[PDB]
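Just coords33.cif here, mmCIF, C-alpha atoms:
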```cif
data_input
loop_
_atom_site.label_atom_id
_atom_site.label_comp_id
_atom_site.auth_asym_id
_atom_site.auth_seq_id
_atom_site.Cartn_x
_atom_site.Cartn_y
_atom_site.Cartn_z
CA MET K 1 -22.67 -22.33 20.69
CA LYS K 2 -21.83 -19.20 18.62
CA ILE K 3 -18.54 -18.60 16.80
CA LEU K 4 -16.85 -15.17 16.63
CA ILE K 5 -14.20 -15.01 13.85
CA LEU K 6 -11.87 -12.33 15.30
CA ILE K 7 -9.86 -10.30 12.72
CA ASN K 8 -7.51 -7.38 13.50
CA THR K 9 -6.24 -5.63 10.35
CA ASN K 10 -4.19 -2.42 10.01
CA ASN K 11 -5.93 -1.60 6.64
CA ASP K 12 -9.55 -0.41 6.06
CA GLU K 13 -9.11 -2.04 2.60
CA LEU K 14 -9.00 -5.49 4.28
CA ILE K 15 -12.22 -4.75 6.29
CA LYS K 16 -14.39 -4.31 3.13
CA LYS K 17 -12.61 -7.14 1.15
CA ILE K 18 -13.32 -9.57 4.08
CA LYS K 19 -17.00 -8.34 4.10
CA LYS K 20 -17.26 -9.71 0.47
CA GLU K 21 -15.25 -12.94 1.26
CA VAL K 22 -17.75 -13.77 4.08
CA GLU K 23 -20.91 -12.34 2.34
CA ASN K 24 -21.56 -15.72 0.61
CA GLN K 25 -20.46 -17.60 3.83
CA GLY K 26 -23.20 -16.17 6.14
CA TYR K 27 -20.78 -14.57 8.69
CA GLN K 28 -22.11 -11.19 9.93
CA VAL K 29 -19.16 -8.72 10.13
CA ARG K 30 -19.09 -6.32 13.10
CA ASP K 31 -16.58 -3.44 12.73
CA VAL K 32 -15.58 -2.05 16.16
CA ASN K 33 -13.49 1.18 16.17
CA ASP K 34 -14.86 2.79 19.40
CA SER K 35 -14.91 1.61 23.08
CA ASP K 36 -18.67 2.39 23.46
CA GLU K 37 -19.46 0.29 20.34
CA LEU K 38 -17.47 -2.60 21.92
CA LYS K 39 -19.32 -2.40 25.29
CA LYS K 40 -22.75 -2.21 23.54
CA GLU K 41 -22.57 -5.01 20.92
CA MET K 42 -20.38 -7.51 22.88
CA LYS K 43 -23.01 -7.59 25.68
CA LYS K 44 -25.49 -8.45 22.85
CA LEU K 45 -23.31 -11.48 21.91
CA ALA K 46 -23.92 -12.65 25.54
CA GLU K 47 -27.60 -11.48 25.88
CA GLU K 48 -28.75 -12.99 22.53
CA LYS K 49 -28.82 -16.74 23.34
CA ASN K 50 -29.06 -17.55 19.55
CA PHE K 51 -26.27 -19.71 17.99
CA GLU K 52 -25.30 -17.04 15.40
CA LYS K 53 -22.41 -16.95 12.85
CA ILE K 54 -20.58 -13.69 13.73
CA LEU K 55 -17.27 -12.23 12.55
CA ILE K 56 -15.73 -9.39 14.63
CA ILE K 57 -13.35 -7.00 12.79
CA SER K 58 -11.63 -4.62 15.24
CA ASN K 59 -8.63 -2.57 13.99
CA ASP K 60 -8.12 -1.37 17.58
CA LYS K 61 -5.96 -3.95 19.42
CA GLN K 62 -7.09 -2.55 22.84
CA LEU K 63 -10.75 -3.32 21.91
CA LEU K 64 -9.58 -6.76 20.68
CA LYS K 65 -8.01 -7.46 24.13
CA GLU K 66 -11.26 -6.43 25.94
CA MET K 67 -13.31 -8.45 23.39
CA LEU K 68 -11.33 -11.73 23.98
CA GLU K 69 -11.57 -11.35 27.82
CA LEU K 70 -15.38 -10.92 27.43
CA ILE K 71 -15.45 -13.98 25.05
CA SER K 72 -13.37 -16.14 27.47
CA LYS K 73 -15.97 -15.65 30.29
CA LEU K 74 -18.69 -16.76 27.78
CA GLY K 75 -16.55 -19.59 26.26
CA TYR K 76 -17.33 -18.76 22.57
CA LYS K 77 -15.22 -20.37 19.80
CA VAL K 78 -12.74 -17.88 18.21
CA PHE K 79 -10.52 -18.04 15.13
CA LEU K 80 -8.10 -15.03 15.26
CA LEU K 81 -6.28 -13.33 12.33
CA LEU K 82 -3.76 -10.60 13.32
CA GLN K 83 -2.41 -8.27 10.58
CA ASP K 84 0.13 -5.69 11.81
CA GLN K 85 3.11 -4.19 9.87
CA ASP K 86 5.42 -4.04 12.92
CA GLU K 87 6.20 -7.60 14.15
CA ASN K 88 7.39 -6.30 17.57
CA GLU K 89 3.65 -5.55 18.02
CA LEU K 90 2.30 -8.46 15.89
CA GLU K 91 4.39 -11.33 17.42
CA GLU K 92 4.21 -10.23 21.12
CA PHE K 93 0.44 -9.53 20.88
CA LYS K 94 -0.05 -12.90 19.09
CA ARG K 95 1.82 -15.05 21.63
CA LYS K 96 -0.21 -13.60 24.58
CA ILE K 97 -3.43 -14.90 22.94
CA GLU K 98 -1.72 -18.01 21.45
CA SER K 99 -0.58 -19.03 24.99
CA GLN K 100 -4.38 -19.05 25.77
CA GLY K 101 -4.83 -21.79 23.08
CA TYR K 102 -6.60 -19.52 20.52
CA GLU K 103 -6.14 -20.22 16.78
CA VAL K 104 -3.87 -17.18 16.04
CA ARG K 105 -2.45 -16.47 12.54
CA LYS K 106 -0.10 -13.68 11.37
CA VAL K 107 -0.35 -12.02 7.95
CA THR K 108 1.10 -8.99 6.06
CA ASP K 109 -0.35 -9.96 2.59
CA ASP K 110 -3.88 -8.62 1.87
CA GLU K 111 -4.94 -11.49 -0.49
CA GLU K 112 -3.43 -14.18 1.80
CA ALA K 113 -5.31 -12.61 4.80
CA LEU K 114 -8.62 -13.25 2.94
CA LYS K 115 -7.60 -16.94 2.38
CA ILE K 116 -6.79 -17.48 6.11
CA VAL K 117 -10.37 -16.17 6.79
CA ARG K 118 -11.62 -18.92 4.35
CA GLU K 119 -9.87 -21.52 6.59
CA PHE K 120 -11.57 -20.00 9.66
CA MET K 121 -15.08 -19.95 8.09
CA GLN K 122 -14.87 -23.59 6.80
CA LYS K 123 -13.47 -24.92 10.15
CA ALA K 124 -16.07 -22.87 12.11
CA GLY K 125 -18.62 -24.09 9.53
CA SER K 126 -17.84 -27.71 10.56
CA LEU K 127 -18.82 -26.68 14.16
CA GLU K 128 -21.89 -24.69 12.93
CA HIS K 129 -23.25 -27.48 10.69
CA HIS K 130 -22.55 -30.41 13.08
CA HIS K 131 -19.87 -32.63 11.49
CA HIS K 132 -18.32 -35.65 13.33
CA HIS K 133 -16.43 -34.90 16.60
CA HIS K 134 -13.02 -33.23 15.93
#
```

For this file, write the structure as structure tokens.
Amino acid sequence: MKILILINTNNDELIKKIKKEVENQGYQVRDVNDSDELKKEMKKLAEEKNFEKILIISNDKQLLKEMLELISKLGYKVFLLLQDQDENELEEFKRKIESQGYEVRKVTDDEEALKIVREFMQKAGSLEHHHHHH
């Protein structure tokens, strides 16, 4: 077990606002904006056998793709929030990952984005602190 709350946002504003939203929730944000940084820390998610509460922010959709492939081989639980201005990117990118059964949400509102993260953390929290089977 170890849950990676995946968030792709187009705004750096959202990255820091989410850091505060999840500061009191115990979800360690990892901001990935370089391919090397991806290939270093994602291997650590596999090599550290600890059941740790992690949140991955990556504003680079290519690094997100690579991330989710890596995650799928490991079978870690993901809750995905996509925030893109252009819905020809947002919708098509979404439905690729949504066809894989991932919890994928769209957003264009900054405040609403933060609230969708609160869903993700509470639902992941029910897996983290063992509730009844859902």

Using the chain letters and numbers from the file, which residues does the PyMOL selection byres ((chain K and resi 17) around 12) grab, as a PyMOL selection string?
-> chain K and resi 9+11-16+18-23+29+57+110-115+117

Evaluate the PyMOL selection byres ((chain K and resi 1) around 8) and record the selected residues as a VMD selection string, following the chain and residue labels used in the document.
-> chain K and resid 2 to 3 51 to 52 76 to 77

Centre and size of axis-aligned box enclosing stretch 61-74 of chain K plus 5 Å each side, as AutoDock Vina command-line options:
```
--center_x -12.3 --center_y -9.7 --center_z 24.9 --size_x 22.7 --size_y 24.2 --size_z 20.9
```

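Considering the residues K:118, K:129, K:53, K:65 and counting only C-alpha atoms, residue K:28 has its shortest atom-to-atom contact with K:53.
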
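Against this structure, the PyMOL selection byres ((chain K and resi 84) around 7) ends up with residues 9, 10, 82, 83, 85, 86, 87, 90 and 108 of chain K.
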
Find the residues near residue K:44: any atom within 12 Å, counting all atoms listed in the file, skip ones fewer than 5 places away on the same chain, and give them as an NGL selection string.
-> :K and (30 or 37-39 or 49-50 or 52 or 54 or 70-71 or 74)

Top pick for closest residue to residue K:66, considering K:81, K:122, K:99, K:32 and counting all atoms listed in the file =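 Of K:81, K:122, K:99, K:32, the one nearest residue K:66, counting all atoms listed in the file, is K:32.
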
Top pick for closest residue to residue K:93, considering K:62, K:35, K:126, K:24 and counting all atoms listed in the file =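 Of all the options, K:62 lies closest to residue K:93.
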
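Minimum atom-to-atom distance to residue K:45, evaluated using all atoms listed in the file, belongs to K:67 out of K:7, K:107, K:124, K:67.
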
From K:73, K:33, K:61, K:123, residue lying nearest residue K:89 [all atoms listed in the file] | K:61

Please return, as a ChimeraX atom specification, all polymer residues that have at least one atom within 8 Å of the point (-9.7, -18.2, 18.7); use only C-alpha atoms and the file's own coordinate frame.
-> /K:5-6,77-80,101-104

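Distance-wise, atom CA of residue K:95 and atom CA of residue K:119 end up 20.1 Å apart.
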
Incomplete stretch 1-27 of chain K brought to N, CA and C atoms, written out as a short mmCIF file (atom, residue, chain, number, x, y, z; two decimals), in the frame of the given file:
```
data_model
loop_
_atom_site.label_atom_id
_atom_site.label_comp_id
_atom_site.auth_asym_id
_atom_site.auth_seq_id
_atom_site.Cartn_x
_atom_site.Cartn_y
_atom_site.Cartn_z
N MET K 1 -23.52 -22.45 21.90
CA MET K 1 -22.67 -22.33 20.69
C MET K 1 -22.91 -20.98 20.02
N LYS K 2 -21.82 -20.34 19.56
CA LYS K 2 -21.83 -19.20 18.62
C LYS K 2 -20.38 -18.77 18.42
N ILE K 3 -19.95 -18.73 17.16
CA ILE K 3 -18.54 -18.60 16.80
C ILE K 3 -18.27 -17.17 16.34
N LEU K 4 -17.26 -16.53 16.96
CA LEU K 4 -16.85 -15.17 16.63
C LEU K 4 -15.47 -15.26 15.95
N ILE K 5 -15.44 -15.03 14.63
CA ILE K 5 -14.20 -15.01 13.85
C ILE K 5 -13.54 -13.64 14.05
N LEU K 6 -12.50 -13.59 14.88
CA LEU K 6 -11.87 -12.33 15.30
C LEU K 6 -10.79 -11.98 14.27
N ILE K 7 -10.86 -10.78 13.68
CA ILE K 7 -9.86 -10.30 12.72
C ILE K 7 -9.44 -8.87 13.09
N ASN K 8 -8.14 -8.68 13.33
CA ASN K 8 -7.51 -7.38 13.50
C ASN K 8 -6.66 -7.11 12.27
N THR K 9 -7.01 -6.07 11.52
CA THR K 9 -6.24 -5.63 10.35
C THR K 9 -5.85 -4.17 10.52
N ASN K 10 -4.69 -3.80 9.98
CA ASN K 10 -4.19 -2.42 10.01
C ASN K 10 -4.81 -1.58 8.86
N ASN K 11 -5.37 -2.26 7.85
CA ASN K 11 -5.93 -1.60 6.64
C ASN K 11 -7.46 -1.67 6.62
N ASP K 12 -8.09 -0.52 6.30
CA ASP K 12 -9.55 -0.41 6.06
C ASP K 12 -9.95 -1.15 4.76
N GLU K 13 -8.97 -1.28 3.85
CA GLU K 13 -9.11 -2.04 2.60
C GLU K 13 -9.50 -3.49 2.91
N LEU K 14 -8.77 -4.10 3.85
CA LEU K 14 -9.00 -5.49 4.28
C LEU K 14 -10.40 -5.68 4.87
N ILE K 15 -10.90 -4.67 5.63
CA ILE K 15 -12.22 -4.75 6.29
C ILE K 15 -13.33 -5.04 5.25
N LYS K 16 -13.36 -4.22 4.19
CA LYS K 16 -14.39 -4.31 3.13
C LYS K 16 -14.19 -5.54 2.23
N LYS K 17 -12.91 -5.95 1.98
CA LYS K 17 -12.61 -7.14 1.15
C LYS K 17 -13.09 -8.42 1.87
N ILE K 18 -12.87 -8.47 3.20
CA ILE K 18 -13.32 -9.57 4.08
C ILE K 18 -14.86 -9.62 4.12
N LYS K 19 -15.52 -8.44 4.14
CA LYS K 19 -17.00 -8.34 4.10
C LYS K 19 -17.58 -9.09 2.87
N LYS K 20 -16.85 -9.04 1.73
CA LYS K 20 -17.26 -9.71 0.47
C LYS K 20 -16.93 -11.23 0.53
N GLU K 21 -15.72 -11.54 1.04
CA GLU K 21 -15.25 -12.94 1.26
C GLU K 21 -16.22 -13.77 2.13
N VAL K 22 -16.88 -13.10 3.08
CA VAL K 22 -17.75 -13.77 4.08
C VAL K 22 -19.25 -13.51 3.80
N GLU K 23 -19.53 -12.70 2.75
CA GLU K 23 -20.91 -12.34 2.34
C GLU K 23 -21.69 -13.58 1.88
N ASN K 24 -21.00 -14.45 1.12
CA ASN K 24 -21.56 -15.72 0.61
C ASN K 24 -21.39 -16.85 1.64
N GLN K 25 -20.74 -16.58 2.79
CA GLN K 25 -20.46 -17.60 3.83
C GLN K 25 -21.43 -17.49 5.02
N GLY K 26 -22.21 -16.39 5.07
CA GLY K 26 -23.20 -16.17 6.14
C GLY K 26 -22.60 -15.78 7.49
N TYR K 27 -21.43 -15.09 7.47
CA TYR K 27 -20.78 -14.57 8.69
C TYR K 27 -20.96 -13.05 8.76
#
```
